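Novice: Sequence and experimental coordinates follow.
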Amino acid sequence: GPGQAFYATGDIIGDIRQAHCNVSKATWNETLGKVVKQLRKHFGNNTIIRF
Amino acid sequence: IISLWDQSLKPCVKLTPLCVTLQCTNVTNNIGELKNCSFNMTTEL
Amino acid sequence: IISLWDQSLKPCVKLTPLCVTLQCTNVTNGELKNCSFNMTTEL
Amino acid sequence: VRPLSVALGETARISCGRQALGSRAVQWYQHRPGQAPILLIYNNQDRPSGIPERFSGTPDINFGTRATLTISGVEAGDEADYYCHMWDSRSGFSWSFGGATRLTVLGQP
Amino acid sequence: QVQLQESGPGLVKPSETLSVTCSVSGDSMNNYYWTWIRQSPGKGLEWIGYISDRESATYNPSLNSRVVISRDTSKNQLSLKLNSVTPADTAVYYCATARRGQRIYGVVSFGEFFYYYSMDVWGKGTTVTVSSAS
Ligand SMILES: *[C@@H]1O[C@H](CO)[C@@H](O[C@@H]2O[C@H](CO)[C@@H](O[C@@H]3O[C@H](CO)[C@@H](O)[C@H](O[C@H]4O[C@H](CO)[C@@H](O)[C@H](O)[C@@H]4O)[C@@H]3O)[C@H](O)[C@H]2NC(C)=O)[C@H](O)[C@H]1NC(C)=O
Ligand SMILES: *[C@@H]1O[C@H](CO)[C@@H](O[C@@H]2O[C@H](CO)[C@@H](O)[C@H](O)[C@H]2NC(C)=O)[C@H](O)[C@H]1NC(C)=O
Ligand SMILES: *[C@@H]1O[C@H](CO)[C@@H](O[C@@H]2O[C@H](CO)[C@@H](O)[C@H](O)[C@H]2NC(C)=O)[C@H](O)[C@H]1NC(C)=O
Ligand SMILES: *[C@@H]1O[C@H](CO)[C@@H](O[C@@H]2O[C@H](CO)[C@@H](O)[C@H](O)[C@H]2NC(C)=O)[C@H](O)[C@H]1NC(C)=O
Ligand SMILES: *[C@@H]1O[C@H](CO)[C@@H](O[C@@H]2O[C@H](CO)[C@@H](O)[C@H](O)[C@H]2NC(C)=O)[C@H](O)[C@H]1NC(C)=O
Ligand SMILES: *[C@@H]1O[C@H](CO)[C@@H](O)[C@H](O)[C@H]1NC(C)=O
Ligand SMILES: *[C@@H]1O[C@H](CO)[C@@H](O)[C@H](O)[C@H]1NC(C)=O
Ligand SMILES: *[C@@H]1O[C@H](CO)[C@@H](O)[C@H](O)[C@H]1NC(C)=O
C-alpha cells in the first residue's frame, strides 16, 4: 500500500533443503549420564529412568 | 520482556493487507513445507 | 524540535487514501496542475 | 540444434541450454553421426577412462558457472553431437536428455 | 566384450506390435543393469525407459506407456515390444546399460539425495520403416 511494504520470501536458491540441528552423540550421551545420575540421586538412589 | 517485545513491535509494518485469498501451489517438482503462494495485493496506488 | 514536530503531527488527519491515480491535466494558463481523482466519501 | 563453428587448435567452450536450476550433475555424450555414441564427463568432474585429456569437465561451485564442456585442441575426431544431460535437483528426475548441438570445425587442413 | 546384438523384423505396418531383442554376451546379466535407448531421424536420442533387477519396468510418460519392455534370463536377452506401432516409429533402436549412480546433496537419513542414471556401453541399433511397403 502507500508508504506500506512487506518483505516476502524469494526463490530458495540451490536445492530445496530443510533446517537441521546436529548434536554430538558422545557429548549428549555423557551429559544424559550426568543428568540421569543426579535424577536417580534425587528420585531414590538408582531407578529405571527412560528419557 | 513482554513489554519490551511489544514496544519494539508497535512501530514496524502492519500486515493487515496480507489477509487475502492465496492461490497457492507446491515447489517440490517430484517426490509440503514450501508453498509457492500467488495472491493479490494493493500496490502504492 | 524533531520530537515536537512528530508529536504534533500525530493527532491530525492521515492522508493515506489520497494515494490514487490522479488524472491530472495542465491548469488554465507548469507550477500548477489541475488534478481530478477519486476519494472515498463518508459511506 | 545449435551449429557451432570452431577453428582448429586453441580452446573451445561448449555450454548447453537448460539452466542449472539448483545443484546440477551433468552428463555429456558424443553422438557421432551414424555410429554409436559415448559418454565423456560425468558427475561434473569424473571423466571415464578411454577419453582424451583434450576434454575437461566443469567442476561445480554450487552456483555460477553452467554445464560447460571444454574442448582443448579440437581435432578431426570431434565432429559429432554434444549432449547436455543435466540432473538438476530442482527439476527432479532428469528423464529427458535435452536437445542436440553440433560442432562443425572450420579452418581444418 | 559386452556386445548388445539387436535383431528386429525391419518391416512393420501401423498399429501392430514390433519386437526387437538385445542379446548380451561376454559379461554376466546379474552384475549390472541394462535399459533401452532409441533415436529418431530428425530428432535427438529418445529413451524407451529403463528396466532394473526388480523388473518393475519404469516406462516413459512421453511415450504414453504404449510400449512393452521386459527381459529373459534363459536366452540372456533384453526384450522390447512395441504394441500399436505409431507411424512415427520409423527410428533406430539402440540398447543401453544402466549404472545406478548415487548423487547425494544432503543427508541420507532424511532422503535428501537422488539417483542419477549413468550409461557406459551402448549397442548399434536397427532402423525400421512403418508403412504399407514391405
Ligand atoms: C549436520 O547434519 C548432518 C549430520 O551428520 C551432516 O550433513 C551434511 O550436510 C552437508 C551439507 O551441508 C552434506 O554435503 C554434501 O555431501 C555430498 C556427499 O557426496 C556432496 O556431494 C555435496 O557436495 C556439494 O557440492 C558439490 C560441488 O558444488 C555439489 O555438486 C553438490 O550438489 C553439493 O552441493 C555436499 O558436500 C553432507 O553430505 C551431509 N552429511 C554428512 C555425512 O556430512 C553434517 O554434519 C551437518 N550438516 C550441515 C552442517 O550442513
Ligand atoms: C513460484 O511461482 C512463480 C510464478 O510462476 C515463479 O516465478 C516466475 O517464474 C517464471 C518462470 O517459471 C518467470 O518467467 C517469472 O518471471 C517468475 N516471476 C513471476 C513474477 O511470475 C517462482 O519461481 C516460483 N517459485 C518457486 C520456488 O517455485
Ligand atoms: C487477482 O485479481 C485478478 C483481477 O482480474 C483476478 O483475476 C480473475 O480471476 C478469476 C478467478 O478468480 C478469473 O475467472 C478471471 O478471468 C480473472 N480475470 C482476469 C482479467 O485475469 C485474480 O483471480 C485475483 N487473484 C486472486 C489470488 O484473488
Ligand atoms: C479544475 O478542473 C475543475 C473541473 O473541470 C474546474 O471546476 C469546474 O469548472 C467548470 C467550468 O469550467 C464548472 O462548471 C464546474 O462546476 C467546476 N467544478 C466541478 C465540480 O466540475 C476547476 O475550475 C479547474 N481549476 C482550474 C483553476 O483550472
Ligand atoms: C474514479 O472511478 C471511476 C470508476 O468508474 C473511473 O471511471 C472510469 O474512468 C475511465 C477513464 O479512466 C473511463 O474510461 C470509464 O468509462 C469510467 N467509468 C465510469 C463508469 O465512469 C474514474 O475515471 C475514476 N477517476 C479518475 C479521475 O480517474
Ligand atoms: C559446529 O561447528 C564448528 C565449526 O563452526 C565445529 O568445530 C563443531 O564441531 C560443530 N559441532 C558439531 C556438533 O557438529
Ligand atoms: C501440494 O499441494 C497439495 C494441495 O493442493 C497438498 O496436499 C500437498 O501436500 C502439497 N505438497 C506436495 C508435496 O504435493
Ligand atoms: C503540460 O504539463 C506538462 C507536465 O510535465 C508540462 O511539461 C507542460 O509544459 C504543460 N503544458 C504544455 C503546453 O504541454
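Specialist: Good, I have the coordinates. Numbers count the residues shown, from 1 in each chain, chains lettered A, B, ... in the order given. Ligands and ions are numbered 1, 2, ... in the order given.

Novice: centroid residue for chain B?
Specialist: The residue lying closest to the centre of chain B (C-alpha atoms, centre = their mean) is residue B:18, at 5.6 Å.

Novice: try chain E
Specialist: Most central in chain E (C-alpha atoms, centre = their mean) works out to residue E:36, at 1.2 Å.

Novice: Contacts only, for it.
Specialist: Residues in contact with residue E:36, defined by C-beta atoms under 8 Å, 6 or more residues apart in numbering or on different chains, are E:22, E:47-51, E:69, E:78, E:80, E:93-96. Every residue, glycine included, has its C-beta placed from N, CA and C.

Novice: Chain neighbours aside, what residue packs nearest to the residue of chain B found nearest chain D?
Specialist: The nearest approach of chain B to chain D comes at residue B:30, 3.2 Å away (C-beta to the nearest C-beta). Distance criterion C-beta to C-beta, 6 or more residues apart in numbering or on different chains; nearest residue to residue B:30, sequence neighbours excluded, is residue D:92 at 3.2 Å.

Novice: so where does the one you found fall, helix or strand?
Specialist: Counting by DSSP states H and E, no helix or strand carries residue D:92.

Novice: Surely it touches residue B:26?
Specialist: No - with contacts counted by C-beta atoms under 8 Å, residue D:92 stays clear of residue B:26, the gap being 11.6 Å.

Novice: Can you pick out the residue with more neighbours from these two?
Specialist: Between residue D:92 and residue B:26, counted using other C-beta atoms under 10 Å in any protein chain shown, residue D:92 has the larger neighbour count: 14 against 10.

Novice: What ranges does the chain have for its helices?
Specialist: You didn't say which chain, so I picked chain A. For chain A, the helices defined by DSSP state H occupy A:25-42.

Novice: that's the other chain; I wanted chain B
Specialist: Remark: helices assigned in chain B by DSSP H are B:2-9.

Novice: Kindly report the residues of it close to chain A.
Specialist: B:13-15, B:17-18, B:27-28, B:33-34, B:42-45 (C-beta under 8 Å from any C-beta of the partner chain).

Novice: quick revisit: for the helix or strand where the residue nearest to the centre of chain E lies, list the C-alpha coordinates in PDB.
Specialist: Using DSSP H and E, residue E:36 maps to strand E:33-39. Extracted in PDB, the C-alpha atoms of strand E:33-39 (Å, rounded to 0.1, in the frame of the first residue of the first chain):
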ATOM      1  CA  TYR E  33      21.500 -53.100 -15.100                       C
ATOM      2  CA  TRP E  34      20.500 -52.600 -18.700                       C
ATOM      3  CA  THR E  35      17.900 -50.400 -20.400                       C
ATOM      4  CA  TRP E  36      16.700 -49.400 -23.900                       C
ATOM      5  CA  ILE E  37      17.500 -46.300 -25.800                       C
ATOM      6  CA  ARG E  38      16.300 -45.200 -29.300                       C
ATOM      7  CA  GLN E  39      16.800 -42.400 -31.700                       C
END
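
Novice: That one: partners in the sheet, and parallel or antiparallel?
Specialist: Paired with strand E:33-39 in the same sheet, following DSSP bridges, are strand E:45-51 (antiparallel), strand E:92-104 (antiparallel).

Novice: Relative to ligand 2, which of those is closest?
Specialist: The closest of the strands paired with strand E:33-39 to ligand 2 is strand E:92-104. By C-beta to the nearest ligand atom, the value is 20.8 Å.

Novice: quick one: that closest one near ligand 1?
Specialist: Yes - judged by C-beta under 6 Å from any ligand atom, strand E:92-104 comes into contact with ligand 1 through residue E:104.
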